[PDB]
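Novice:
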Amino acid sequence: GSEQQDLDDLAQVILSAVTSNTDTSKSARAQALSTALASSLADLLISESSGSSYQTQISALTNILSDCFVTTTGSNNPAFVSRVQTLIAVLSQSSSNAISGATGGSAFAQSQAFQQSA
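Sequential numbering of the sequence shown, starting at -10, is according to the numbering used here.
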């Protein structure tokens, strides 16, 4: 539905930020980013995920992925935290488009592998 499929997309889209430095070891931090997903899930139990899943936890964990490498990964407000800040605006448009306006498969269409029209 919503606020849950976006979290598996957030894993692939944060990987497009953290692996942008060519880091293979950031794919181990994907499993730690999944612990932020559990908190975004927990915000549905308190009805607080309606448009604000967990920006503080997602930003903090995105920055903990930077702190895996500790060399040049921008240890205060990195390009990866800036990437989630800008892409969350575009992703909110693509997700609300998938809610009412299919216009293709479904934003990422399970990595362009879904044989459908609407």
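Cβ atoms here follow ideal geometry from the backbone N, Cα and C, with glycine treated the same way.
For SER42, count neighbouring Cβ atoms within 10 angstroms of its own Cβ and tell me buried if that reaches 16, exposed if not.
Specialist: Looking at its Cβ environment, which holds 16 or more other Cβ atoms inside 10 Å, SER42 is buried.
Novice: Pop quiz: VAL73 and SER48 are said to be a contact at Cβ under 8 Å. What is the actual Cβ separation, rounded to whole angstroms?
Specialist: That pair is a contact at about 6 Å.
Novice: Report yes if the C-beta distance between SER23 and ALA6 is below 8 Å; otherwise report no.
Specialist: No, the pair does not count as a contact, with Cβ atoms beyond the cut-off.
Novice: Is the distance from the Cβ of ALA25 to the Cβ of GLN46 below 8 Å?
Specialist: yes
Novice: When we look at the beta-carbon of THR13 and count the other beta-carbons within 10 Å, is it buried (16 or more) or exposed?
Specialist: exposed
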